[PDB]
$ cat coords-v5.cif   # mmCIF, C-alpha atoms
data_upload
loop_
_atom_site.label_atom_id
_atom_site.label_comp_id
_atom_site.auth_asym_id
_atom_site.auth_seq_id
_atom_site.Cartn_x
_atom_site.Cartn_y
_atom_site.Cartn_z
CA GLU A 297 33.13 53.67 62.82
CA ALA A 298 31.17 50.90 61.10
CA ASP A 299 29.93 49.07 64.16
CA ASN A 300 26.50 50.38 65.10
CA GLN A 301 25.84 47.29 67.15
CA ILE A 302 26.32 46.05 70.68
CA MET A 303 25.65 42.66 72.23
CA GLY A 304 23.26 42.89 75.14
CA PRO A 305 21.03 40.71 77.28
CA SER A 306 17.53 40.06 75.99
CA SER A 307 15.85 39.43 79.36
CA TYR A 308 15.80 40.95 82.83
CA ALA A 309 17.41 39.24 85.81
CA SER A 310 14.64 38.01 88.09
CA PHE A 311 14.28 38.20 91.86
CA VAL A 312 11.71 36.04 93.63
CA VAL A 313 10.84 35.63 97.29
CA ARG A 314 11.14 31.92 97.99
CA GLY A 315 10.49 29.78 101.04
CA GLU A 316 13.47 30.99 103.05
CA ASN A 317 12.97 34.68 102.30
CA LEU A 318 9.22 34.18 102.54
CA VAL A 319 9.37 32.82 106.09
CA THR A 320 11.42 35.82 107.19
CA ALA A 321 9.01 38.17 105.41
CA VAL A 322 6.04 36.79 107.34
CA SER A 323 7.72 36.46 110.73
CA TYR A 324 10.10 39.42 110.99
CA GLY A 325 9.16 41.60 108.03
CA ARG A 326 12.71 41.72 106.73
CA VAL A 327 13.94 40.31 103.41
CA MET A 328 17.56 39.83 102.34
CA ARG A 329 18.76 39.20 98.80
CA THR A 330 20.05 35.67 98.13
CA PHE A 331 19.36 34.06 101.51
CA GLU A 332 20.93 31.16 99.63
CA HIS A 333 24.18 33.16 99.43
CA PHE A 334 24.14 34.31 103.03
CA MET A 335 23.60 30.76 104.21
CA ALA A 336 26.31 29.45 101.90
CA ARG A 337 28.76 31.91 103.46
CA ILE A 338 27.64 31.66 107.11
CA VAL A 339 26.48 28.12 107.82
CA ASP A 340 28.22 26.11 105.09
CA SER A 341 31.74 27.47 104.46
CA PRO A 342 32.61 29.77 107.37
CA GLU A 343 36.31 28.90 107.20
CA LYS A 344 36.51 29.92 103.56
CA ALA A 345 37.70 33.44 102.90
CA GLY A 346 36.24 35.97 100.49
CA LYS B 51 5.20 44.16 104.05
CA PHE B 52 8.98 43.97 104.29
CA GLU B 53 12.21 45.85 103.72
CA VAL B 54 14.90 44.22 101.63
CA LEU B 55 18.65 44.11 102.06
CA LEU B 56 19.74 44.35 98.45
CA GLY B 57 23.47 43.83 98.82
CA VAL B 58 26.62 43.89 100.91
CA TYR B 59 29.98 44.60 99.29
CA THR B 60 33.51 44.94 100.63
CA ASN B 61 36.34 46.81 98.96
CA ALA B 62 39.03 44.38 97.85
CA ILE B 63 42.64 45.47 98.06
CA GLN B 64 45.12 44.33 95.44
CA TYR B 65 48.67 43.59 96.57
CA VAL B 66 51.40 45.92 95.32
CA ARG B 67 54.87 44.44 94.85
CA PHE B 68 57.95 46.62 94.37
CA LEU B 69 59.76 44.10 92.19
CA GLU B 70 56.79 44.24 89.79
CA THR B 71 56.57 47.99 89.22
CA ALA B 72 58.66 49.61 86.54
CA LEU B 73 60.18 51.89 89.17
CA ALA B 74 62.48 48.98 89.99
CA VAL B 75 63.94 49.29 86.49
CA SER B 76 66.17 51.99 87.98
CA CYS B 77 67.20 49.82 90.94
CA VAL B 78 69.16 46.63 91.59
CA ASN B 79 67.52 44.78 94.47
CA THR B 80 69.65 42.51 96.63
CA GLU B 81 68.31 40.95 99.81
CA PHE B 82 70.37 41.00 103.00
CA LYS B 83 68.93 38.87 105.80
CA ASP B 84 70.98 40.43 108.58
CA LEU B 85 71.45 44.01 107.42
CA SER B 86 70.70 45.01 111.02
CA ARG B 87 74.32 44.28 111.95
CA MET B 88 76.00 46.38 109.24
CA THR B 89 77.52 49.52 110.69
CA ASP B 90 78.58 51.07 107.38
CA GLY B 91 78.69 50.10 103.72
CA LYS B 92 81.19 51.39 101.21
CA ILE B 93 82.08 51.29 97.51
CA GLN B 94 85.50 52.42 96.28
CA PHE B 95 86.28 53.33 92.66
CA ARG B 96 89.67 53.62 90.98
CA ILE B 97 89.90 55.35 87.60
CA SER B 98 92.96 56.03 85.44
CA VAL B 99 92.85 58.75 82.81
CA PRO B 100 94.76 58.73 79.48
CA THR B 101 96.33 61.68 77.67
CA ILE B 102 97.31 62.87 74.19
CA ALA B 103 100.96 63.35 73.28
CA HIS B 104 101.74 66.70 71.68
CA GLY B 105 104.49 68.32 69.62
CA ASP B 106 104.14 71.58 71.54
CA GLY B 107 106.58 72.55 74.28
CA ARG B 108 103.89 72.92 76.95
CA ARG B 109 104.22 70.46 79.82
CA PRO B 110 101.96 67.38 79.74
CA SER B 111 100.23 66.13 82.88
CA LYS B 112 101.60 62.76 83.94
CA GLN B 113 99.61 59.57 84.54
CA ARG B 114 96.51 60.42 86.59
CA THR B 115 94.38 58.42 89.01
CA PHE B 116 91.09 59.04 90.81
CA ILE B 117 89.70 57.28 93.88
CA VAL B 118 86.11 57.92 94.97
CA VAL B 119 84.25 56.50 97.96
CA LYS B 120 80.51 56.07 98.44
CA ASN B 121 78.65 55.05 101.59
CA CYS B 122 75.47 53.23 102.52
CA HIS B 123 72.45 55.11 103.80
CA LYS B 124 69.98 53.38 106.11
CA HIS B 125 66.22 53.84 105.99
CA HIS B 126 63.60 52.95 108.61
CA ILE B 127 59.88 52.16 108.22
CA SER B 128 57.30 51.75 111.01
CA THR B 129 53.55 51.03 111.11
CA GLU B 130 51.03 50.69 113.98
CA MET B 131 48.00 48.41 114.28
CA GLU B 132 45.51 48.08 117.13
CA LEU B 133 43.50 45.04 118.19
CA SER B 134 40.79 44.51 120.79
CA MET B 135 41.62 42.51 123.89
CA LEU B 136 38.30 40.75 123.61
CA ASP B 137 39.34 39.66 120.09
CA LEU B 138 42.69 38.08 120.96
CA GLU B 139 41.16 36.17 123.87
CA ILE B 140 38.53 34.22 121.94
CA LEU B 141 41.27 33.16 119.52
CA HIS B 142 42.57 30.83 122.21
CA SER B 143 39.25 29.37 123.33
CA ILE B 144 37.64 26.55 121.39
CA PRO B 145 34.10 27.29 120.16
CA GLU B 146 31.48 25.57 122.30
CA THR B 147 28.29 26.23 120.30
CA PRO B 148 27.40 27.34 116.76
CA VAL B 149 26.98 31.01 117.73
CA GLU B 150 30.29 30.80 119.57
CA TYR B 151 31.78 29.34 116.40
CA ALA B 152 30.53 32.07 114.06
CA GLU B 153 31.74 34.70 116.51
CA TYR B 154 35.08 32.85 116.41
CA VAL B 155 35.86 32.95 112.70
CA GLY B 156 34.75 36.56 112.93
CA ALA B 157 37.73 37.01 115.23
CA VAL B 158 40.30 35.14 113.14
CA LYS B 159 39.16 37.09 110.10
CA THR B 160 39.71 40.37 111.95
CA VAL B 161 43.15 39.48 113.28
CA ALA B 162 44.18 38.25 109.84
CA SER B 163 42.89 41.46 108.26
CA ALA B 164 44.99 43.56 110.63
CA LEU B 165 48.08 41.54 109.70
CA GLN B 166 47.43 42.02 105.98
CA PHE B 167 47.18 45.73 106.65
CA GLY B 168 50.51 45.62 108.44
CA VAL B 169 52.47 43.71 105.81
CA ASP B 170 50.84 45.48 102.87
CA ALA B 171 51.63 48.95 104.25
CA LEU B 172 55.23 47.73 104.32
CA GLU B 173 55.27 47.36 100.54
CA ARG B 174 54.01 50.91 100.11
CA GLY B 175 57.00 51.92 102.20
CA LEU B 176 59.53 50.34 99.87
CA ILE B 177 57.92 52.04 96.88
CA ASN B 178 57.93 55.41 98.64
CA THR B 179 61.36 55.25 100.25
CA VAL B 180 62.87 54.40 96.87
CA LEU B 181 60.93 57.12 95.07
CA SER B 182 61.94 59.70 97.66
CA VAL B 183 65.62 58.76 97.33
CA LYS B 184 65.51 59.68 93.64
CA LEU B 185 63.73 63.02 94.00
CA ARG B 186 66.33 63.90 96.62
CA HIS B 187 69.09 63.28 94.07
CA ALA B 188 67.39 64.56 90.88
CA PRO B 189 68.75 67.99 89.94
CA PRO B 190 66.42 70.11 87.81
CA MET B 191 66.52 69.94 84.05
CA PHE B 192 67.36 73.58 83.42
CA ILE B 193 70.56 73.13 85.43
CA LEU B 194 71.42 69.71 83.98
CA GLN B 195 71.35 70.24 80.19
CA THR B 196 74.14 72.82 80.12
CA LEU B 197 76.19 70.78 82.58
CA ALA B 198 75.98 67.66 80.40
CA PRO C 100 45.38 51.22 103.72
CA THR C 101 48.32 53.48 104.56
CA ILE C 102 52.01 53.96 103.78
CA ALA C 103 54.74 53.27 106.31
CA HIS C 104 56.51 56.58 106.62
CA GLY C 105 60.23 56.97 107.05
CA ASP C 106 59.71 60.49 108.38
CA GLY C 107 59.26 60.52 112.11
CA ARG C 108 55.56 60.98 112.69
CA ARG C 109 52.76 59.24 114.51
CA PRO C 110 51.32 56.28 112.58
CA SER C 111 47.70 55.99 111.60
CA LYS C 112 45.66 53.04 112.85
CA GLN C 113 43.78 50.62 110.61
CA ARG C 114 40.44 52.13 109.57
CA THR C 115 37.21 51.13 107.85
CA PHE C 116 34.19 53.00 106.53
CA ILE C 117 30.57 51.87 106.38
CA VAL C 118 28.35 53.71 103.89
CA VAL C 119 24.68 53.02 103.21
CA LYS C 120 22.77 53.65 99.99
CA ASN C 121 19.00 53.28 99.82
CA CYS C 122 16.44 52.94 97.05
CA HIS C 123 14.06 55.39 95.46
CA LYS C 124 10.52 54.34 94.57
CA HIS C 125 8.82 55.53 91.38
CA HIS C 126 5.15 55.38 90.44
CA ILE C 127 3.58 55.33 86.98
CA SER C 128 -0.08 55.43 85.92
CA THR C 129 -2.21 55.20 82.76
CA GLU C 130 -5.94 55.38 81.95
CA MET C 131 -7.91 53.18 79.54
CA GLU C 132 -11.52 53.65 78.42
CA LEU C 133 -13.57 50.68 77.27
CA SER C 134 -16.86 51.56 75.63
CA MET C 135 -19.96 50.25 77.40
CA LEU C 136 -21.46 49.18 74.08
CA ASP C 137 -18.28 47.39 73.05
CA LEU C 138 -18.16 45.34 76.25
CA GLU C 139 -21.75 44.15 75.83
CA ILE C 140 -21.10 42.99 72.27
CA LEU C 141 -17.98 41.10 73.36
CA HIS C 142 -19.91 39.25 76.05
CA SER C 143 -22.48 37.74 73.69
CA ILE C 144 -22.03 35.29 70.81
CA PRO C 145 -22.92 36.65 67.33
CA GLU C 146 -25.50 35.14 64.96
CA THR C 147 -26.36 37.64 62.22
CA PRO C 148 -23.60 39.12 60.03
#

$ encode --input "coords-v5.cif" --output "structure tokens"
Amino acid sequence: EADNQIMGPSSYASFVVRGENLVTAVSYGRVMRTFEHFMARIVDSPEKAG
Amino acid sequence: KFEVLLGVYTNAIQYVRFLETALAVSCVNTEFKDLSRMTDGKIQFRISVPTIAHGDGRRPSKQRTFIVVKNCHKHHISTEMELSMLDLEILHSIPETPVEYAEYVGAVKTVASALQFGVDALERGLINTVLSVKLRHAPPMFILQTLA
Amino acid sequence: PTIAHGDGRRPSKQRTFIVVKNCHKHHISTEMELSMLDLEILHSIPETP
């Protein structure tokens, strides 16, 4: 089968500990992925379903 | 030094509709709002059979008729769901403070989820009750071919 | 989810599972030698060819 090629990503997806995650890391020693996402789902749109 | 919550994921359940499976190709679905009053259903057939006239002396059967009756069969489906008494109560109360609000939509989500589970598991019942009706009336192939 | 069963039998209640996966940590090491003489030469600026 004359394909021999696949489209892929050329760079890794990055994870960084920012100010929100960083504060938790210092104070409680626990870090959660996408604090942005958790806050968007808890504090901002609670009514909205998944 | 920390420990990281990498992800949280919830299984998502797709709805299953009887009128959208190809099993319904063998069925004719009519809705009946108040079927719960019907005592008995019935279908009556009348069929008249022709003959061939013959030169031979042998007696010929006269005009024939056939009348066949069929009857309805009822089916029943039941499901059970359980809910906490703490959960139904906070549905009524208005949320006073932000923690009492988050705990609140956590209750409406749960009650709603239970309801989805109840109505969904009713669609699986239609698909099964129909499929079981067939396999109850499907004679085996090795008997059927000769008889056709 | 479950199926509503026409057969007479006790129904099953709504259920959920909670399953936890956790990481594995991997460690990788390599060794590099830098000549003492080479480092000294690099530090200075060269004059003669």

$ closest_atom_pairs --input "coords-v5.cif" --of "chain B" --to "chain C" --cutoff "6 Å" --atoms "only C-alpha atoms" --output "CSV"
residue,atom,partner,partner_atom,distance
B:126,CA,C:105,CA,5.5
B:127,CA,C:105,CA,5.0
B:128,CA,C:103,CA,5.6
B:129,CA,C:103,CA,5.4
B:130,CA,C:110,CA,5.8
B:131,CA,C:112,CA,5.4
B:171,CA,C:102,CA,5.0
B:172,CA,C:103,CA,5.9
B:174,CA,C:102,CA,5.2
B:175,CA,C:103,CA,4.9

$ closest_residue --input "coords-v5.cif" --among "A:325, A:346, A:305, A:315" --to "chain B" --atoms "only C-alpha atoms"
A:325

$ residues_around --input "coords-v5.cif" --residues "residue 334 (chain A)" --least-positions-apart "4" --cutoff "12 Å" --atoms "all atoms listed in the file" --output "JSON, numbers by chain"
{"A": [316, 317, 327, 328, 329, 330, 338, 339, 340, 341, 342], "B": [55, 56, 57, 58]}

$ residues_around --input "coords-v5.cif" --residues "residue 111 (chain B)" --least-positions-apart "3" --cutoff "10 Å" --atoms "only C-alpha atoms" --output "list in words"
residues 100, 101, 102, 108 and 114 of chain B

$ interface_residues --input "coords-v5.cif" --of "chain B" --to "chain A" --cutoff "12 Å" --atoms "only C-alpha atoms" --output "ChimeraX atom specification"
/B:51-63,148-149,151-160,162-163

$ atom_distance --input "coords-v5.cif" --atom1 "CA of residue 150 (chain B)" --atom2 "CA of residue 166 (chain B)"
24.6 Å

$ atom_distance --input "coords-v5.cif" --atom1 "CA of residue 86 (chain B)" --atom2 "CA of residue 123 (chain B)"
12.5 Å

$ atom_distance --input "coords-v5.cif" --atom1 "CA of residue 189 (chain B)" --atom2 "CA of residue 76 (chain B)"
16.3 Å

$ resolve_selection --input "coords-v5.cif" --expression "the PyMOL selection byres ((chain B and resi 69-74) around 10)" --output "PyMOL selection string"
chain B and resi 66-68+75-79+176-177+180-181
